[PDB]
Amino acid sequence: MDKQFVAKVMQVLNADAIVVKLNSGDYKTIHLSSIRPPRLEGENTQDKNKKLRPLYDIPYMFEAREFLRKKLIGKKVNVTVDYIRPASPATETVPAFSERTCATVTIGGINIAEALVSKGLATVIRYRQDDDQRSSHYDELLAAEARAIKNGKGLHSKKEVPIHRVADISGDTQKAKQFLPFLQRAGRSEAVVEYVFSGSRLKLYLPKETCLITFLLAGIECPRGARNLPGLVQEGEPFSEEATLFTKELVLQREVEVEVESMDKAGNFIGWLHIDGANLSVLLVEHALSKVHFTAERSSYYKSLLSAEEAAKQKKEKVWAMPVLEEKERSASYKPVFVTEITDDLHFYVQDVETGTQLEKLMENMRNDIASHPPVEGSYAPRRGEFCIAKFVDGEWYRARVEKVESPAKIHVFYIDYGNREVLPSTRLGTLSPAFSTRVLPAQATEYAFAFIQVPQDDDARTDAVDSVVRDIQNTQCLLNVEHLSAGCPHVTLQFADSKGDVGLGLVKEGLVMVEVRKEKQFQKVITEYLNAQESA
């Protein structure tokens with residue numbers, strides 16, 4: 001990093017630091033040289049044990065953060081690094097050894113640290129040795145402190161300390177229901193974006209109600225992120241990361257206006273966010289970082305959304321756009337699994353036989369809980385990627401994940417413990433209680449493919465291969481051995497529980513499928529075995 005540079009302020013980190021974006025595109029956290037933000041170090045706060053919120057509980061911290069935010073957010077500042085501390089001595093830091101790049105930050109001729117100090121919103125560090133590194137405008141900082149003292153400002157004031165009371169109904173369903181009608185009736189409410197969870201979900205501060213809420217953008221579907229929950233590991237939807245950054249760079253810590261239309265089961269309010277005359281839902285669609293949802297159809301913003309989506313789709317970009325390690329010995333470790341579903345593209349789902357009892361126990365517990373607390377028919381509008389419970393054709397409830405929301409009557413779900421898919425009406429869906437989520441029992445179904453064989457490209461040929469497998473192993477216990485991973489799901493070999501005959505090899509024997517050769521040494525023998533079968537077919 002250079003000693004001097006001009007950079008754009010992306011976030012105000014409390015009262016003594018900011019995050020800037022360099023011309024190179026990199027982000028840097030910069031602390032203000034020779035000043036300390038207000039801190040509660042030295043005072044007892046047992047009354048706030050594990051409930052202390054620095055922004056609101058530290059004397060003058062809110063005032064300092066707001067002064068900096070209003071003056072700098074989204075602006076270009078002139079920076080000159082004065083010194084670097086290898087490890088901050090502050091009591092609370094993350095991590096325990098945290099470097100601090102300390103600089104003089106100026107804009108329009110105003111030294112930011114000097115301005116904070118003059119208002120008593122920061123204090124000047126005193127140095128024991130004249131050789132200690134300090135701000136290059138140190139004398140000006142001390143002059144500012146004299147003014148703060150003279151005028152009794154901020155931390156130098158003798159007046160009663162200003163108290164800040166801020167309610168927080170973030171992701172709280174019962175509390176959200178209490179506020180919904182009021183927020184809907186208020187029309188456009190002023191708010192400050194405090195956090196951005198993704199391209200479309202944010203945490204907002206509403207000054208008029210001195211309350212914090214979580215908010216989801218209406219009328220669109222924004223790409224979801226990665227997952228690595230128990231039994232569910234996958235990359236995020238395309239451009240989920242860029243969408244988040246788009247929203248962060250545009251609205252983080254900006255004053256915006258929001259219209260609340262409804263709320264979801266998680267306590268998130270759903271509505272429209274307006275920033276400097278623009279509609280965020282429309283902007284995301286315009287930049288091809290989200291798509292229009294059917295909920296937008298009855299909205300006055302529908303035309304703008306369609307126009308944006310039209311231009312985005314024409315560009316055909318963004319949302320509209322394997323060898324393995326060689327090993328000496330081949331795996332060979334067959335374990336009992338229960339094959340539940342065979343897919344049309346010759347893939348299949350299985351459950352671990354060893355945990356079958358755990359799934360049974362969970363289903364009894366969950367279904368008994370559902371029987372006691374029946375989901376309200378039609379009061380649930382699922383969001384893509386959300387977990388839920390779904391009522392299958394057998395009339396029983398199962399854990400599921402929403403994969404696509406076509407309309408209120410057509411919700412595409414995936415039964416996470418079995419592997420089958422179904423299109424159902426929202427009336428046959430309900431919320432999945434935390435007590436029965438993957439936090440308690442992992443998703444039980446795992447997707448696998450046959451190793452060493454090529455899935456027929458010819459529909460009729462593939463259908464015949466699938467029918468054979470369904471007939472031979474669907475809904476039966478088999479032995480499975482993981483051979484290797486792929487760009488998709490893992491490839492395995494299956495053996496019949498009794499004869500222990502290789503299921504995939506059998507498809508080769510019958511001439512239903514061709515062999516897919518692997519180059520890795522561990523498969524030297526098995527590839528010859530498969531190629532021989534193919535020859536004799």
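All of this is worked out from the model, or read from it or from the source named; none is laboratory data. Because the Cβ atoms are built from the backbone with ideal geometry, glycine has one as well, and the counts that use them run over all protein chains shown.
The table for this structure:
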read-out: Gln444, sole failed condition from (1) crowded, with 19+ Cβ neighbours inside 10 Å; (2) closer than 25 Å to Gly171 by Cβ; (3) in contact with a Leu (Cβ under 8 Å, 6 or more places away or on another chain); value: (2)
read-out: Any hit, the stretch 495-518, residues being under 30 Å from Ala390 (Cα atoms), outside the structural domain of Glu360 (by CATH) and not in a strand (DSSP E or B); value: no
read-out: Qualifying positions in the stretch 240-278 - within 30 Å of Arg399 (Cβ to Cβ), of a type in the set (A, V, I, L, M) and in a helix (DSSP H, G or I); value: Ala243
read-out: Residue list for the stretch 111-138, filter: out of contact with any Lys or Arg (no Cβ under 7 Å at 6 or more places or on another chain), surrounded by 20 or more Cβ atoms within 10 Å (Cβ to Cβ) and in a helix (DSSP H, G or I); value: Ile112, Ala113, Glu114, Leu116, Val117
read-out: Residue within the stretch 230-253 that is assigned by CATH to the domain that holds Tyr301, under 20 Å from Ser290 (Cα atoms), over 17 Å from the mean Cα position of the chain (by Cα) and among the β-branched types (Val, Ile, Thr) present; value: yes
read-out: Matching residues, the stretch 348-358, being closer than 30 Å to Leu512 by Cα and either surrounded by fewer than 17 Cβ atoms within 10 Å (Cβ to Cβ) or of a type in the set (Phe, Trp, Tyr) (or both); value: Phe348, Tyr349, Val353
read-out: Selection within the stretch 477-503 - crowded, with 17+ Cβ neighbours inside 10 Å and of a type in the set (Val, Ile, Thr); value: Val492, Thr493, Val503
read-out: Tally, over the stretch 90-110, of residues that are exposed (fewer than 10 other Cβ atoms within 10 Å of the Cβ) and within 27 Å of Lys75 (Cβ to Cβ); value: 3
read-out: Complete set of residues in the stretch 504-514 that are of a type in the set (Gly, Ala, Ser) and surrounded by 16 or more Cβ atoms within 10 Å (Cβ to Cβ); value: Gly504, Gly506
read-out: Number of the condition not met by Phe452 [criteria: (1) out of contact with any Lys or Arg (no Cβ under 9 Å at 6 or more places or on another chain); (2) buried (at least 20 other Cβ atoms within 10 Å of the Cβ)]; value: (1)
read-out: Residue within the stretch 139-152 that is in a loop (DSSP other than H, G, I, E, B) and within 29 Å of the chain's Cα centre (by Cα) present; value: no
read-out: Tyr56 vs. criteria assigned by CATH to the domain that holds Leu142, hydroxyl-bearing (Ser, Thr, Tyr) and in contact with a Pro (Cβ under 8 Å, 6 or more places away or on another chain); value: no
read-out: Of the criteria (1) in contact with a strand residue (DSSP E or B) (Cβ under 6 Å, 6 or more places away or on another chain); (2) surrounded by fewer than 15 Cβ atoms within 10 Å (Cβ to Cβ); (3) not hydrophobic (A, V, I, L, M, F, W, C), which one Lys150 fails; value: (1)
read-out: Selection count, the stretch 240-255, where residues are in contact with a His (Cβ under 9 Å, 6 or more places away or on another chain) and either crowded, with 22+ Cβ neighbours inside 10 Å or under 30 Å from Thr446 (Cβ atoms) (or both); value: 1
read-out: All positions within the stretch 113-139 that are of a type in the set (A, V, I, L, M) and either touching a helix residue (DSSP H, G or I) at 6+ places or on another chain (Cβ under 7 Å) or not assigned by CATH to the domain that holds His156 (or both); value: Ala113, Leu116, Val117, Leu121, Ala122, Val124
read-out: Top-ranked residue of the stretch 515-526 - restricted to ones that are surrounded by fewer than 17 Cβ atoms within 10 Å (Cβ to Cβ) and either of a type in the set (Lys, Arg) or more than 41 Å from the chain's Cα centre (by Cα) (or both), ranked as farthest from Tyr334 (Cα to Cα); value: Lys519
read-out: Qualifying positions in the stretch 1-52 - over 20 Å from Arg85 (Cβ atoms), of a type in the set (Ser, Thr, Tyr) and touching an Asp or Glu at 6+ places or on another chain (Cβ under 9 Å); value: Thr45
read-out: Candidate set from the stretch 119-142 (those that are among the small types (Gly, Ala, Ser) and touching a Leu at 6+ places or on another chain (Cβ under 9 Å)); member that is nearest to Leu13 (Cα to Cα); value: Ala122
read-out: Residue check, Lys303 over 30 Å from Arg165 (Cβ atoms), basic (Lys, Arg) and either in contact with a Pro (Cβ under 6 Å, 6 or more places away or on another chain) or part of a helix (DSSP H, G or I) (or both); value: yes
read-out: Wholly enclosed strands (runs of 3 or more DSSP E) of the stretch 159-239 bearing at least 2 residues surrounded by 12 or more Cβ atoms within 10 Å (Cβ to Cβ); value: 188-196, 201-206, 211-217, 227-229
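Residues are listed down the side, and each one gets a yes or a no for (1) closer than 30 Å to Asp472 by Cβ; (2) surrounded by fewer than 14 Cβ atoms within 10 Å (Cβ to Cβ); (3) in contact with a helix residue (DSSP H, G or I) (Cβ under 8 Å, 6 or more places away or on another chain):
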{"position": "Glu309", "(1), (2), (3)": "no, no, yes"}
{"position": "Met322", "(1), (2), (3)": "yes, yes, no"}
{"position": "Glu326", "(1), (2), (3)": "no, yes, yes"}
{"position": "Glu329", "(1), (2), (3)": "yes, yes, yes"}
{"position": "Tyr334", "(1), (2), (3)": "yes, no, no"}
{"position": "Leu346", "(1), (2), (3)": "yes, no, yes"}
{"position": "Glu360", "(1), (2), (3)": "yes, yes, no"}
{"position": "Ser372", "(1), (2), (3)": "no, yes, no"}
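Residues checked against (1) surrounded by fewer than 21 Cβ atoms within 10 Å (Cβ to Cβ); (2) farther than 23 Å from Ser200 by Cβ:
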| site | (1), (2) |
| --- | --- |
| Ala400 | no, no |
| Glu406 | yes, no |
| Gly419 | no, yes |
| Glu422 | yes, yes |
| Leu429 | no, no |
